[PDB]
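First up is the structure itself, then whatever we jot down about it.
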2 protein chains.
Amino acid sequence: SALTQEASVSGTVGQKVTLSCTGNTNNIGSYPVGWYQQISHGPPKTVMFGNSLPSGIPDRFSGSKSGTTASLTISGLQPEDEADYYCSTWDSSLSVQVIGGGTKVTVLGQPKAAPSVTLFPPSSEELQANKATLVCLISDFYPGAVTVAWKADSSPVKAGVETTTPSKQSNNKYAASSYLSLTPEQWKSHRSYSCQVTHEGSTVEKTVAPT
Amino acid sequence: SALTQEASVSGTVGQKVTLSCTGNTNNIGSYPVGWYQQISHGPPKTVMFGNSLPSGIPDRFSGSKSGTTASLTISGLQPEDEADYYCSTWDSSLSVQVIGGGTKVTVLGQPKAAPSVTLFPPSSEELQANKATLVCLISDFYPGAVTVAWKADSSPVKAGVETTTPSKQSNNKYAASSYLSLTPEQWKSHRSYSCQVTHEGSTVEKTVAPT
Ligand SMILES: [Br-]
């Protein structure tokens with residue numbers, strides 16, 4: 001996505017909370033930014049546009065912009081704000097409206113939990129079949145929204161990544177998976193591979209290497 | 001909602017489907033309508049603005065509008081067209097972007113595919129940390145509904161099992177993962193552990209062993 005939003009932004013009731021939306025000079029750096037809110041699967045509604053507060057929305061919501069990063073601040077987080085928030089703007093470089101991935105804003109009803117990250121190399125059984133897959137297990141995190149990035153050696157992998165939608169497990173925390181399909185030629189040629197998981201203020205990165 | 005959309009619409013592969021967006025004179029009747037596609041609660045993409053086709057969106061998407069009702073027509077439904085579609089415009093009585101409730105498009109008759117199962121033994125990084133985790137990667141299956149059962153040697157295992165709800169990946173197929181938490185001594189005390197995946201009455205099972 002041309003616009004980058006954080007995965008999860010949470011806090012207790014009455015807490016000052018801030019979302020961000022990062023792009024480039026051809027979208028956020030020169031065009032107004034709108035923020036839309038969607039609860040469950042209900043109808044989305046505009047809650048901020050061009051740093052201007054729409055009629056009917058409370059003034060706890062405030063929008064600002066500095067360079068290529070727009071922000072939505074919620075001064076006094078309340079339970080009725082628990083929703084997904086999407087930012088969007090016009091992208092003159094592509095001549096189309098452009099929308100970010102969305103941020104899940106959660107009112108904490110349970111302790112915030114950073115995720116456990118376990119990186120699995122390709123088993124010898126799979127490589128004996130001329131196949132290679134790496135799995136990055138993301139477990140026991142709340143709220144259920146994370147950002148995953150992969151690195152070949154120390155350079156990012158810009159293709160081949162598949163990350164599952166977080167799902168709630170039996171302990172009421174969330175779990176997800178991110179797998180990367182390779183060939184035996186790449187797994188041996190590279191010195192290491194990395195999976196990086198971002199959950200609010202916590203970022204965990206695991207690294208594995210061929211035997 | 002100020003904009004009215006049908007809740008859900010279905011159609012087989014190759015059918016022509018038309019979604020409608022109903023509004024007012026101060027919003028739909030006066031201003032261009034944009035259509036936005038959201039998948040797997042992923043980043044949404046605009047598929048039609050002002051009845052004109054953006055770049056990269058195939059020709060099968062066409063837009064029309066007459067009076068206070070705008071329409072998006074999708075000829076030749078494909079698996080990747082299956083999504084939620086939202087329409088939005090500018091309202092003039094109010095001064096806001098307004099969004100409809102969305103239309104869930106379900107593409108029928110998509111090809112079936114058995115899941116590819118990959119069972120990962122506990123990594124060396126976590127065995128040295130006195131941990132043990134088996135991960136059963138399930139991918140490339142349609143439809144998106146599996147049932148996972150584990151085995152220690154030949155005995156069923158339930159305690160320590162968590163399975164992710166399937167989610168659609170970039171190939172329009174589903175992916176999930178089930179993980180079993182063990183201690184390092186359970187892991188070597190047994191001959192093997194197994195992960196059985198059942199999809200559409202047919203079973204795929206994998207088996208791993210220590211070191
Ligand atoms: Br702005």
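We name chains A, B, ... following the order of the structure tokens; residues begin at 1 in each chain, and ligands are numbered from 1 as shown.
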Using only C-alpha atoms and all ligand atoms, which residues of the polymer chains come no farther than 6 Å from ligand 1? I'd like the answer as a PDB file with C-alpha atoms, in the first residue's frame.
ATOM      1  CA  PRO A  32      -5.912  16.549   1.813  1.00  0.00           C
ATOM      2  CA  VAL A  33      -6.180  13.470   3.947  1.00  0.00           C
ATOM      3  CA  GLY A  50      -8.280  17.996   5.765  1.00  0.00           C
ATOM      4  CA  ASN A  51      -7.673  18.523   9.503  1.00  0.00           C
TER       5      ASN A  51
END
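Assigned to helix (DSSP H, G or I) in stretch 1-209 of chain B, given DSSP computed from backbone atoms, are residues 79, 80, 81, 124, 125, 126, 127, 128, 184, 185, 186, 187, 188 and 189 of chain B.
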Residues from the last selection, N, CA, C and O atoms, saved as a PDB file, in the first residue's frame:
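Printed below is again_0.pdb as written:
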ATOM      1  N   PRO B  79     -12.163 -15.379  -9.402  1.00  0.00           N
ATOM      2  CA  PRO B  79     -11.977 -15.583  -7.955  1.00  0.00           C
ATOM      3  C   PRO B  79     -11.441 -14.359  -7.232  1.00  0.00           C
ATOM      4  O   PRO B  79     -11.818 -14.115  -6.079  1.00  0.00           O
ATOM      5  N   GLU B  80     -10.577 -13.571  -7.876  1.00  0.00           N
ATOM      6  CA  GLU B  80     -10.029 -12.393  -7.214  1.00  0.00           C
ATOM      7  C   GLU B  80     -11.032 -11.251  -7.109  1.00  0.00           C
ATOM      8  O   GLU B  80     -10.774 -10.295  -6.371  1.00  0.00           O
ATOM      9  N   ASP B  81     -12.160 -11.324  -7.818  1.00  0.00           N
ATOM     10  CA  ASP B  81     -13.184 -10.294  -7.690  1.00  0.00           C
ATOM     11  C   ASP B  81     -13.975 -10.426  -6.396  1.00  0.00           C
ATOM     12  O   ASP B  81     -14.603  -9.452  -5.968  1.00  0.00           O
ATOM     13  N   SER B 124      16.332 -25.414  16.416  1.00  0.00           N
ATOM     14  CA  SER B 124      17.464 -25.518  17.328  1.00  0.00           C
ATOM     15  C   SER B 124      17.575 -24.295  18.229  1.00  0.00           C
ATOM     16  O   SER B 124      18.107 -24.395  19.340  1.00  0.00           O
ATOM     17  N   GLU B 125      17.080 -23.141  17.775  1.00  0.00           N
ATOM     18  CA  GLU B 125      17.130 -21.944  18.609  1.00  0.00           C
ATOM     19  C   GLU B 125      16.264 -22.098  19.852  1.00  0.00           C
ATOM     20  O   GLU B 125      16.642 -21.647  20.939  1.00  0.00           O
ATOM     21  N   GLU B 126      15.101 -22.735  19.717  1.00  0.00           N
ATOM     22  CA  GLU B 126      14.180 -22.848  20.839  1.00  0.00           C
ATOM     23  C   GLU B 126      14.386 -24.111  21.664  1.00  0.00           C
ATOM     24  O   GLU B 126      13.977 -24.142  22.829  1.00  0.00           O
ATOM     25  N   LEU B 127      15.007 -25.149  21.100  1.00  0.00           N
ATOM     26  CA  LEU B 127      15.364 -26.307  21.914  1.00  0.00           C
ATOM     27  C   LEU B 127      16.476 -25.961  22.896  1.00  0.00           C
ATOM     28  O   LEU B 127      16.474 -26.434  24.038  1.00  0.00           O
ATOM     29  N   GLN B 128      17.432 -25.131  22.470  1.00  0.00           N
ATOM     30  CA  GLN B 128      18.471 -24.669  23.383  1.00  0.00           C
ATOM     31  C   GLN B 128      17.904 -23.748  24.454  1.00  0.00           C
ATOM     32  O   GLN B 128      18.473 -23.648  25.547  1.00  0.00           O
ATOM     33  N   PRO B 184      10.782 -29.948  25.783  1.00  0.00           N
ATOM     34  CA  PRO B 184      11.809 -30.678  25.019  1.00  0.00           C
ATOM     35  C   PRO B 184      11.900 -32.160  25.355  1.00  0.00           C
ATOM     36  O   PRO B 184      12.404 -32.931  24.528  1.00  0.00           O
ATOM     37  N   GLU B 185      11.427 -32.587  26.531  1.00  0.00           N
ATOM     38  CA  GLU B 185      11.509 -33.992  26.914  1.00  0.00           C
ATOM     39  C   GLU B 185      10.344 -34.818  26.394  1.00  0.00           C
ATOM     40  O   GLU B 185      10.531 -36.003  26.095  1.00  0.00           O
ATOM     41  N   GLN B 186       9.148 -34.231  26.284  1.00  0.00           N
ATOM     42  CA  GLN B 186       8.084 -34.893  25.537  1.00  0.00           C
ATOM     43  C   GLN B 186       8.493 -35.100  24.089  1.00  0.00           C
ATOM     44  O   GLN B 186       8.131 -36.104  23.464  1.00  0.00           O
ATOM     45  N   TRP B 187       9.252 -34.151  23.538  1.00  0.00           N
ATOM     46  CA  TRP B 187       9.578 -34.165  22.118  1.00  0.00           C
ATOM     47  C   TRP B 187      10.495 -35.330  21.759  1.00  0.00           C
ATOM     48  O   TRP B 187      10.341 -35.942  20.695  1.00  0.00           O
ATOM     49  N   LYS B 188      11.452 -35.656  22.627  1.00  0.00           N
ATOM     50  CA  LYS B 188      12.367 -36.762  22.377  1.00  0.00           C
ATOM     51  C   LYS B 188      11.907 -38.074  23.000  1.00  0.00           C
ATOM     52  O   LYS B 188      12.452 -39.130  22.660  1.00  0.00           O
ATOM     53  N   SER B 189      10.921 -38.041  23.899  1.00  0.00           N
ATOM     54  CA  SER B 189      10.456 -39.280  24.514  1.00  0.00           C
ATOM     55  C   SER B 189       9.656 -40.129  23.536  1.00  0.00           C
ATOM     56  O   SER B 189       9.594 -41.354  23.689  1.00  0.00           O
TER      57      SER B 189
END
I'm after chain A in the frame of chain B: fit it by least squares over all Cα atoms matched in order, and give me the output as a PDB file with C-alpha atoms, in the first residue's frame.
ATOM      1  CA  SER A   1     -10.394  -5.494   9.265  1.00  0.00           C
ATOM      2  CA  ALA A   2     -13.822  -4.058  10.044  1.00  0.00           C
ATOM      3  CA  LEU A   3     -15.005  -5.029   6.539  1.00  0.00           C
ATOM      4  CA  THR A   4     -14.843  -8.696   5.544  1.00  0.00           C
ATOM      5  CA  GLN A   5     -14.392  -9.805   1.934  1.00  0.00           C
ATOM      6  CA  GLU A   6     -13.887 -13.323   0.642  1.00  0.00           C
ATOM      7  CA  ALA A   7     -10.340 -14.172  -0.393  1.00  0.00           C
ATOM      8  CA  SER A   8     -10.960 -15.448  -3.931  1.00  0.00           C
ATOM      9  CA  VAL A   9     -13.889 -15.373  -6.368  1.00  0.00           C
ATOM     10  CA  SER A  10     -13.322 -16.940  -9.782  1.00  0.00           C
ATOM     11  CA  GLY A  11     -15.042 -18.435 -12.804  1.00  0.00           C
ATOM     12  CA  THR A  12     -14.883 -18.860 -16.546  1.00  0.00           C
ATOM     13  CA  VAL A  13     -15.579 -16.142 -19.106  1.00  0.00           C
ATOM     14  CA  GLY A  14     -19.190 -15.022 -19.408  1.00  0.00           C
ATOM     15  CA  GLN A  15     -20.020 -16.357 -15.935  1.00  0.00           C
ATOM     16  CA  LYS A  16     -22.098 -14.500 -13.357  1.00  0.00           C
ATOM     17  CA  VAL A  17     -19.874 -13.718 -10.375  1.00  0.00           C
ATOM     18  CA  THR A  18     -20.604 -12.057  -7.038  1.00  0.00           C
ATOM     19  CA  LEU A  19     -18.419 -10.496  -4.345  1.00  0.00           C
ATOM     20  CA  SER A  20     -19.534  -9.565  -0.832  1.00  0.00           C
ATOM     21  CA  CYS A  21     -18.453  -7.056   1.809  1.00  0.00           C
ATOM     22  CA  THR A  22     -19.660  -7.582   5.383  1.00  0.00           C
ATOM     23  CA  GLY A  23     -19.523  -5.050   8.209  1.00  0.00           C
ATOM     24  CA  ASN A  24     -21.802  -3.747  10.956  1.00  0.00           C
ATOM     25  CA  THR A  25     -24.486  -1.094  11.476  1.00  0.00           C
ATOM     26  CA  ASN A  26     -21.902   1.689  11.916  1.00  0.00           C
ATOM     27  CA  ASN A  27     -20.298   1.267   8.478  1.00  0.00           C
ATOM     28  CA  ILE A  28     -22.120  -0.617   5.717  1.00  0.00           C
ATOM     29  CA  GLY A  29     -25.484  -0.536   7.497  1.00  0.00           C
ATOM     30  CA  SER A  30     -25.633   3.256   7.211  1.00  0.00           C
ATOM     31  CA  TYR A  31     -23.097   4.565   4.722  1.00  0.00           C
ATOM     32  CA  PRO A  32     -22.565   4.310   1.028  1.00  0.00           C
ATOM     33  CA  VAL A  33     -20.181   1.651  -0.136  1.00  0.00           C
ATOM     34  CA  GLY A  34     -17.530   2.056  -2.750  1.00  0.00           C
ATOM     35  CA  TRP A  35     -15.741  -0.646  -4.650  1.00  0.00           C
ATOM     36  CA  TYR A  36     -12.339  -0.068  -6.142  1.00  0.00           C
ATOM     37  CA  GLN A  37     -10.479  -2.162  -8.663  1.00  0.00           C
ATOM     38  CA  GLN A  38      -6.698  -2.547  -8.961  1.00  0.00           C
ATOM     39  CA  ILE A  39      -4.972  -4.553 -11.709  1.00  0.00           C
ATOM     40  CA  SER A  40      -1.456  -5.840 -10.982  1.00  0.00           C
ATOM     41  CA  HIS A  41      -0.004  -2.757  -9.283  1.00  0.00           C
ATOM     42  CA  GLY A  42      -1.655  -0.208 -11.559  1.00  0.00           C
ATOM     43  CA  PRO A  43      -3.766   2.763 -10.519  1.00  0.00           C
ATOM     44  CA  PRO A  44      -6.952   1.876  -8.640  1.00  0.00           C
ATOM     45  CA  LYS A  45     -10.195   3.130 -10.147  1.00  0.00           C
ATOM     46  CA  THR A  46     -13.708   3.369  -8.744  1.00  0.00           C
ATOM     47  CA  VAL A  47     -16.028   0.828 -10.351  1.00  0.00           C
ATOM     48  CA  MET A  48     -19.046   1.085  -8.023  1.00  0.00           C
ATOM     49  CA  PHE A  49     -20.207   3.612  -5.442  1.00  0.00           C
ATOM     50  CA  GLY A  50     -23.557   3.739  -3.664  1.00  0.00           C
ATOM     51  CA  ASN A  51     -25.029   1.130  -6.039  1.00  0.00           C
ATOM     52  CA  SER A  52     -24.373   3.714  -8.778  1.00  0.00           C
ATOM     53  CA  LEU A  53     -22.462   2.808 -11.924  1.00  0.00           C
ATOM     54  CA  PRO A  54     -19.664   5.307 -12.702  1.00  0.00           C
ATOM     55  CA  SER A  55     -19.263   6.735 -16.187  1.00  0.00           C
ATOM     56  CA  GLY A  56     -16.982   4.591 -18.338  1.00  0.00           C
ATOM     57  CA  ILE A  57     -17.501   1.321 -16.440  1.00  0.00           C
ATOM     58  CA  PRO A  58     -19.657  -1.308 -18.205  1.00  0.00           C
ATOM     59  CA  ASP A  59     -23.104  -2.124 -16.829  1.00  0.00           C
ATOM     60  CA  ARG A  60     -22.075  -5.736 -16.254  1.00  0.00           C
ATOM     61  CA  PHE A  61     -21.101  -4.367 -12.826  1.00  0.00           C
ATOM     62  CA  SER A  62     -23.998  -3.905 -10.412  1.00  0.00           C
ATOM     63  CA  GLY A  63     -24.032  -3.206  -6.682  1.00  0.00           C
ATOM     64  CA  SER A  64     -26.670  -3.947  -4.056  1.00  0.00           C
ATOM     65  CA  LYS A  65     -26.870  -3.893  -0.271  1.00  0.00           C
ATOM     66  CA  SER A  66     -28.930  -5.815   2.290  1.00  0.00           C
ATOM     67  CA  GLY A  67     -28.374  -4.946   5.941  1.00  0.00           C
ATOM     68  CA  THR A  68     -24.691  -5.079   6.882  1.00  0.00           C
ATOM     69  CA  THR A  69     -23.575  -6.815   3.661  1.00  0.00           C
ATOM     70  CA  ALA A  70     -22.864  -5.018   0.393  1.00  0.00           C
ATOM     71  CA  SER A  71     -22.326  -6.892  -2.854  1.00  0.00           C
ATOM     72  CA  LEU A  72     -20.681  -6.377  -6.244  1.00  0.00           C
ATOM     73  CA  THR A  73     -22.061  -8.542  -9.060  1.00  0.00           C
ATOM     74  CA  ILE A  74     -20.226  -8.983 -12.371  1.00  0.00           C
ATOM     75  CA  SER A  75     -22.712 -10.338 -14.928  1.00  0.00           C
ATOM     76  CA  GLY A  76     -20.482 -11.634 -17.704  1.00  0.00           C
ATOM     77  CA  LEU A  77     -17.005 -12.147 -16.283  1.00  0.00           C
ATOM     78  CA  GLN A  78     -14.377 -11.055 -18.813  1.00  0.00           C
ATOM     79  CA  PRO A  79     -10.569 -11.343 -18.871  1.00  0.00           C
ATOM     80  CA  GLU A  80     -10.069  -7.603 -18.322  1.00  0.00           C
ATOM     81  CA  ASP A  81     -11.776  -7.930 -14.909  1.00  0.00           C
ATOM     82  CA  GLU A  82      -8.978 -10.047 -13.392  1.00  0.00           C
ATOM     83  CA  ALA A  83      -7.925  -7.800 -10.508  1.00  0.00           C
ATOM     84  CA  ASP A  84      -8.104  -7.225  -6.768  1.00  0.00           C
ATOM     85  CA  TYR A  85     -11.302  -5.573  -5.539  1.00  0.00           C
ATOM     86  CA  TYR A  86     -11.485  -3.556  -2.318  1.00  0.00           C
ATOM     87  CA  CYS A  87     -14.645  -2.328  -0.601  1.00  0.00           C
ATOM     88  CA  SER A  88     -14.748   0.620   1.777  1.00  0.00           C
ATOM     89  CA  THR A  89     -17.123   2.854   3.653  1.00  0.00           C
ATOM     90  CA  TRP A  90     -17.184   5.399   6.496  1.00  0.00           C
ATOM     91  CA  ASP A  91     -17.189   3.980  10.031  1.00  0.00           C
ATOM     92  CA  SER A  92     -18.926   6.407  12.380  1.00  0.00           C
ATOM     93  CA  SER A  93     -18.069   4.247  15.396  1.00  0.00           C
ATOM     94  CA  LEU A  94     -14.378   4.895  14.675  1.00  0.00           C
ATOM     95  CA  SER A  95     -14.864   8.155  12.702  1.00  0.00           C
ATOM     96  CA  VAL A  96     -12.622   7.068   9.833  1.00  0.00           C
ATOM     97  CA  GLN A  97     -12.812   5.537   6.389  1.00  0.00           C
ATOM     98  CA  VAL A  98     -12.478   1.759   6.604  1.00  0.00           C
ATOM     99  CA  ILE A  99     -11.369  -0.733   3.949  1.00  0.00           C
ATOM    100  CA  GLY A 100     -11.701  -4.497   3.585  1.00  0.00           C
ATOM    101  CA  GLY A 101      -8.921  -6.985   2.972  1.00  0.00           C
ATOM    102  CA  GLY A 102      -9.666  -7.268  -0.731  1.00  0.00           C
ATOM    103  CA  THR A 103     -10.863 -10.048  -3.022  1.00  0.00           C
ATOM    104  CA  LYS A 104      -8.796 -11.533  -5.851  1.00  0.00           C
ATOM    105  CA  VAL A 105     -11.098 -12.104  -8.835  1.00  0.00           C
ATOM    106  CA  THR A 106      -9.527 -14.596 -11.242  1.00  0.00           C
ATOM    107  CA  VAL A 107     -10.475 -15.618 -14.769  1.00  0.00           C
ATOM    108  CA  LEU A 108      -9.809 -19.350 -14.751  1.00  0.00           C
ATOM    109  CA  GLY A 109      -7.026 -20.416 -17.095  1.00  0.00           C
ATOM    110  CA  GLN A 110      -6.601 -23.749 -15.286  1.00  0.00           C
ATOM    111  CA  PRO A 111      -8.718 -26.089 -13.136  1.00  0.00           C
ATOM    112  CA  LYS A 112      -9.804 -24.684  -9.794  1.00  0.00           C
ATOM    113  CA  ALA A 113      -8.094 -26.605  -6.989  1.00  0.00           C
ATOM    114  CA  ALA A 114      -9.048 -26.782  -3.329  1.00  0.00           C
ATOM    115  CA  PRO A 115      -6.118 -26.596  -0.888  1.00  0.00           C
ATOM    116  CA  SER A 116      -4.512 -29.449   0.998  1.00  0.00           C
ATOM    117  CA  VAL A 117      -4.371 -28.664   4.721  1.00  0.00           C
ATOM    118  CA  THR A 118      -1.862 -30.404   6.997  1.00  0.00           C
ATOM    119  CA  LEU A 119      -1.655 -29.409  10.665  1.00  0.00           C
ATOM    120  CA  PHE A 120       1.604 -30.010  12.533  1.00  0.00           C
ATOM    121  CA  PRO A 121       1.819 -30.191  16.340  1.00  0.00           C
ATOM    122  CA  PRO A 122       4.904 -28.979  18.224  1.00  0.00           C
ATOM    123  CA  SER A 123       7.741 -31.468  17.941  1.00  0.00           C
ATOM    124  CA  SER A 124       9.216 -32.887  21.129  1.00  0.00           C
ATOM    125  CA  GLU A 125      12.545 -31.261  20.235  1.00  0.00           C
ATOM    126  CA  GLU A 126      10.935 -27.813  20.323  1.00  0.00           C
ATOM    127  CA  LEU A 127       9.049 -28.553  23.544  1.00  0.00           C
ATOM    128  CA  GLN A 128      12.265 -29.825  25.137  1.00  0.00           C
ATOM    129  CA  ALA A 129      13.505 -26.277  24.430  1.00  0.00           C
ATOM    130  CA  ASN A 130      10.481 -24.809  26.281  1.00  0.00           C
ATOM    131  CA  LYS A 131       8.939 -23.676  22.985  1.00  0.00           C
ATOM    132  CA  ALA A 132       5.793 -24.616  21.079  1.00  0.00           C
ATOM    133  CA  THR A 133       4.766 -23.758  17.519  1.00  0.00           C
ATOM    134  CA  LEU A 134       2.026 -25.143  15.278  1.00  0.00           C
ATOM    135  CA  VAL A 135       2.199 -24.973  11.480  1.00  0.00           C
ATOM    136  CA  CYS A 136      -0.732 -25.316   9.075  1.00  0.00           C
ATOM    137  CA  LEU A 137       0.521 -26.189   5.597  1.00  0.00           C
ATOM    138  CA  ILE A 138      -1.738 -24.980   2.771  1.00  0.00           C
ATOM    139  CA  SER A 139      -0.657 -26.413  -0.578  1.00  0.00           C
ATOM    140  CA  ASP A 140      -1.881 -27.056  -4.122  1.00  0.00           C
ATOM    141  CA  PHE A 141      -4.674 -24.495  -4.415  1.00  0.00           C
ATOM    142  CA  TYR A 142      -5.802 -22.222  -7.234  1.00  0.00           C
ATOM    143  CA  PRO A 143      -6.517 -19.352  -7.350  1.00  0.00           C
ATOM    144  CA  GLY A 144      -3.842 -18.306  -4.869  1.00  0.00           C
ATOM    145  CA  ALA A 145      -5.861 -16.674  -2.089  1.00  0.00           C
ATOM    146  CA  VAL A 146      -7.225 -18.246   1.105  1.00  0.00           C
ATOM    147  CA  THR A 147      -8.630 -17.306   4.500  1.00  0.00           C
ATOM    148  CA  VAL A 148      -7.140 -18.868   7.628  1.00  0.00           C
ATOM    149  CA  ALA A 149      -8.689 -19.011  11.097  1.00  0.00           C
ATOM    150  CA  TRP A 150      -7.424 -20.730  14.246  1.00  0.00           C
ATOM    151  CA  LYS A 151      -9.312 -22.199  17.199  1.00  0.00           C
ATOM    152  CA  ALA A 152      -8.081 -22.973  20.707  1.00  0.00           C
ATOM    153  CA  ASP A 153     -10.140 -25.996  21.721  1.00  0.00           C
ATOM    154  CA  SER A 154     -13.355 -24.794  20.053  1.00  0.00           C
ATOM    155  CA  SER A 155     -12.917 -21.037  20.572  1.00  0.00           C
ATOM    156  CA  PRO A 156     -11.231 -18.711  18.057  1.00  0.00           C
ATOM    157  CA  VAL A 157      -7.701 -17.428  18.629  1.00  0.00           C
ATOM    158  CA  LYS A 158      -7.707 -13.635  18.310  1.00  0.00           C
ATOM    159  CA  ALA A 159      -3.941 -13.049  18.566  1.00  0.00           C
ATOM    160  CA  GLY A 160      -0.625 -14.610  17.612  1.00  0.00           C
ATOM    161  CA  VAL A 161      -1.528 -15.786  14.096  1.00  0.00           C
ATOM    162  CA  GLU A 162       0.912 -15.230  11.225  1.00  0.00           C
ATOM    163  CA  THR A 163      -0.079 -16.251   7.691  1.00  0.00           C
ATOM    164  CA  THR A 164       2.279 -15.978   4.729  1.00  0.00           C
ATOM    165  CA  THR A 165       1.327 -14.480   1.388  1.00  0.00           C
ATOM    166  CA  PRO A 166       0.489 -17.253  -1.115  1.00  0.00           C
ATOM    167  CA  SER A 167       3.320 -18.062  -3.515  1.00  0.00           C
ATOM    168  CA  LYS A 168       3.286 -20.036  -6.754  1.00  0.00           C
ATOM    169  CA  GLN A 169       5.135 -23.360  -6.673  1.00  0.00           C
ATOM    170  CA  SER A 170       6.455 -25.606  -9.440  1.00  0.00           C
ATOM    171  CA  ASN A 171       3.104 -27.227 -10.323  1.00  0.00           C
ATOM    172  CA  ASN A 172       1.616 -23.729 -10.962  1.00  0.00           C
ATOM    173  CA  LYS A 173      -0.656 -24.068  -7.923  1.00  0.00           C
ATOM    174  CA  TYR A 174      -0.124 -21.967  -4.797  1.00  0.00           C
ATOM    175  CA  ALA A 175       1.168 -22.652  -1.295  1.00  0.00           C
ATOM    176  CA  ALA A 176       1.122 -20.795   2.013  1.00  0.00           C
ATOM    177  CA  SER A 177       1.780 -21.261   5.720  1.00  0.00           C
ATOM    178  CA  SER A 178       0.065 -20.166   8.928  1.00  0.00           C
ATOM    179  CA  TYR A 179       1.964 -20.643  12.179  1.00  0.00           C
ATOM    180  CA  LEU A 180       0.972 -20.046  15.797  1.00  0.00           C
ATOM    181  CA  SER A 181       3.533 -19.558  18.561  1.00  0.00           C
ATOM    182  CA  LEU A 182       2.575 -20.987  21.953  1.00  0.00           C
ATOM    183  CA  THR A 183       4.158 -22.153  25.205  1.00  0.00           C
ATOM    184  CA  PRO A 184       4.262 -25.765  26.449  1.00  0.00           C
ATOM    185  CA  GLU A 185       1.798 -24.767  29.186  1.00  0.00           C
ATOM    186  CA  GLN A 186      -0.973 -23.927  26.706  1.00  0.00           C
ATOM    187  CA  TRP A 187      -0.450 -26.834  24.297  1.00  0.00           C
ATOM    188  CA  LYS A 188      -0.969 -29.347  27.124  1.00  0.00           C
ATOM    189  CA  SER A 189      -3.762 -27.457  28.902  1.00  0.00           C
ATOM    190  CA  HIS A 190      -5.947 -27.315  25.786  1.00  0.00           C
ATOM    191  CA  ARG A 191      -7.636 -30.430  24.454  1.00  0.00           C
ATOM    192  CA  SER A 192      -7.092 -29.523  20.792  1.00  0.00           C
ATOM    193  CA  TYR A 193      -6.125 -26.799  18.338  1.00  0.00           C
ATOM    194  CA  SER A 194      -7.603 -26.207  14.897  1.00  0.00           C
ATOM    195  CA  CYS A 195      -6.608 -24.575  11.608  1.00  0.00           C
ATOM    196  CA  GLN A 196      -9.434 -23.648   9.221  1.00  0.00           C
ATOM    197  CA  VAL A 197      -8.725 -22.739   5.588  1.00  0.00           C
ATOM    198  CA  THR A 198     -11.384 -21.230   3.320  1.00  0.00           C
ATOM    199  CA  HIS A 199     -10.919 -21.309  -0.467  1.00  0.00           C
ATOM    200  CA  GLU A 200     -14.017 -20.048  -2.333  1.00  0.00           C
ATOM    201  CA  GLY A 201     -16.744 -22.662  -1.720  1.00  0.00           C
ATOM    202  CA  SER A 202     -14.443 -25.079   0.126  1.00  0.00           C
ATOM    203  CA  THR A 203     -13.607 -24.922   3.836  1.00  0.00           C
ATOM    204  CA  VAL A 204     -11.129 -27.400   5.336  1.00  0.00           C
ATOM    205  CA  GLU A 205     -10.363 -27.592   9.062  1.00  0.00           C
ATOM    206  CA  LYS A 206      -7.729 -29.828  10.659  1.00  0.00           C
ATOM    207  CA  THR A 207      -7.380 -30.598  14.362  1.00  0.00           C
ATOM    208  CA  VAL A 208      -4.490 -31.878  16.486  1.00  0.00           C
ATOM    209  CA  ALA A 209      -4.089 -32.650  20.182  1.00  0.00           C
ATOM    210  CA  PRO A 210      -1.232 -33.155  22.654  1.00  0.00           C
ATOM    211  CA  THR A 211       0.214 -36.662  22.781  1.00  0.00           C
TER     212      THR A 211
END
Q | Backbone DSSP call of strand (DSSP E or B) for stretch 74-171 of chain A, listed as a PyMOL selection string | A | chain A and resi 74-75+83-91+96-99+103-107+113+116-120+132-142+147-152+155-156+161-163+167-168
